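First the structure, in the form of structure tokens, and then the observations on it.
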Amino acid sequence: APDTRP
Amino acid sequence: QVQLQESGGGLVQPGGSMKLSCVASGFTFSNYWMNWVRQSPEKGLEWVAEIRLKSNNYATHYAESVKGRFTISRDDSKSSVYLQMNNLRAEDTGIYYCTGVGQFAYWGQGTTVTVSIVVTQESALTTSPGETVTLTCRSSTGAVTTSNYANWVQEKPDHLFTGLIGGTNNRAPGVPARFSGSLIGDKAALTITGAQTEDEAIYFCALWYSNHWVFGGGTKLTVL
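The listed protein sequences derive, respectively, from chains P and H. According to PDB author numbering, the first sequence holds residues 3 to 8 in order. According to PDB author numbering, the second sequence holds residues 1 to 52, 52A to 52C, 53 to 82, 82A to 82C, 83 to 98, 101 to 112, 1003 to 1027, 1027A to 1027C, 1028 to 1106, 1106A in order.
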């Protein structure tokens, strides 16, 4: 839901 | 080294305006959301604003305290994020940081602005080298879950922030292996397995609630 991109 | 370099702060009058800038290097800026977070002694850390990608039409969300007054924006061709602050008040005084990435790995050096719901952590803990110490972070809304995406961030002298852990238990790149994230007893936790002298610092947790962040009040860790 937040910025989950690694 | 990723670098986030901020500018624009100073000594301003109530009712005034001001614009902050942050320029990114060392990572692909355009692929990540960015946030502004501020620190005051009237207890920051306080998350202020976020801006998503060119694919989300640059959507933005603001803390209730700054909405209608602050504007966050980004220029991906200059790898820069900005914060236009209008109708400033005494409450906006503090050190302002741009930060992002999984979800708060990278922090700018901060820029001072002087104008002239509850996340709880341990006030202080005391350990010594070689010991295993655990810091916790509880929410007043009940049990922290992986849907809160807990982050842990470290503050060292003076006002130098480094992200340690995001997404409950994902270590940011280049963070020492002694640092670990968990969920224990309906709280978020950070464990340092073998504390070192240099881990003396202030540790902050942040929890996500649907469309915004709430930061804990911070834990002062002393290492004798």
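Positions of the beta carbon are idealized from the N, C-alpha and C atoms, including for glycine.
Residues that residue i contacts on chain P, provided the C-beta gap is smaller than 9 Å
| i | result |
| --- | --- |
| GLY1099/H | Chain P residues near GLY1099/H: none, gap ~16 Å exceeds 9 Å. |
| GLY1064/H | Chain P residues near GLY1064/H: none, gap ~15 Å exceeds 9 Å. |
CA nearest to the CA of residue i, picked from the options
| i | options | result |
| --- | --- | --- |
| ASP5/P | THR108/H, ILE51/H, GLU61/H | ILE51/H |
| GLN1079/H | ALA1033/H, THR108/H, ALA1060/H | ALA1060/H |
| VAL1004/H | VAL2/H, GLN3/H, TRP1091/H, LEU20/H | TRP1091/H |
| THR68/H | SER1093/H, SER25/H, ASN82A/H | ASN82A/H |
| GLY65/H | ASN1052/H, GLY1050/H, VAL48/H | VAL48/H |
| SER1065/H | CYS1023/H, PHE1087/H, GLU1081/H, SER62/H | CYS1023/H |
| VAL1097/H | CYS22/H, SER62/H, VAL1019/H | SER62/H |
| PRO1040/H | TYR55/H, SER77/H, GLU1081/H | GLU1081/H |
Own chain residues within Cβ distance below 6 Å of residue i, not counting five before or after
| i | result |
| --- | --- |
| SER1014/H | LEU1106A |
| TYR91/H | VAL37, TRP103, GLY104, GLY106 |
| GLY1046/H | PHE98, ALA101, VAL1036, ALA1055 |
| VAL95/H | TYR32 |
| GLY1016/H | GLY1077 |
| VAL2/H | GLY26, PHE27, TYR102 |
| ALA1071/H | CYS1023, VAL1027C, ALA1033, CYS1088 |
| residue 1119/H | Nothing in the structure corresponds to residue 1119/H, since chain H is present only between 1 and 1106A. |
Contact belief for residue i with residue j at Cβ below 8 Å, rounded distance in angstroms
| i | j | result |
| --- | --- | --- |
| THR57/H | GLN1007/H | About 28 Å; that fails the 8 Å criterion. |
| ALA60/H | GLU46/H | 7 Å |
| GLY9/H | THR108/H | 5 Å |
| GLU42/H | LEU20/H | That belief does not hold up - the Cβ atoms of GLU42/H and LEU20/H are roughly 19 Å apart, past 8 Å. |
| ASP72/H | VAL1027C/H | Contact flag wrong, Cβ pair sits at about 36 Å. |
| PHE1062/H | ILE1048/H | 7 Å |
| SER1093/H | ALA3/P | 7 Å |
Residue i: contacting residues in chain P (beta-carbon distance under 7 Å)
| i | result |
| --- | --- |
| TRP1091/H | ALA3, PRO4 |
| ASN31/H | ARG7 |
8 Å Cβ shell around residue i - same chain, five flanking residues per side excluded
| i | result |
| --- | --- |
| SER17/H | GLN81, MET82, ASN82A, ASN82B, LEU82C |
| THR1105/H | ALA1010, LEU1011, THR1012, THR1013, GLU1083 |
| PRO14/H | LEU82C, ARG83, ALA84, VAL111, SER112 |
Own chain residues within Cβ distance below 7 Å of residue i, not counting five before or after
| i | result |
| --- | --- |
| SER40/H | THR87, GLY88 |
Residues that residue i contacts on chain P, provided the C-beta gap is smaller than 8 Å
| i | result |
| --- | --- |
| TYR1032/H | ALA3, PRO4, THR6 |
| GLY1050/H | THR6 |
| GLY94/H | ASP5 |
Contained beta strand (DSSP E) runs [length at least 3] in the segment 1059–1097 of chain H, N- to C-terminal order
As far as the segment 1059–1097 of chain H is concerned, its whole beta strand (DSSP E) runs of at least 3 residues are 1062–1067, 1070–1076, 1084–1091.
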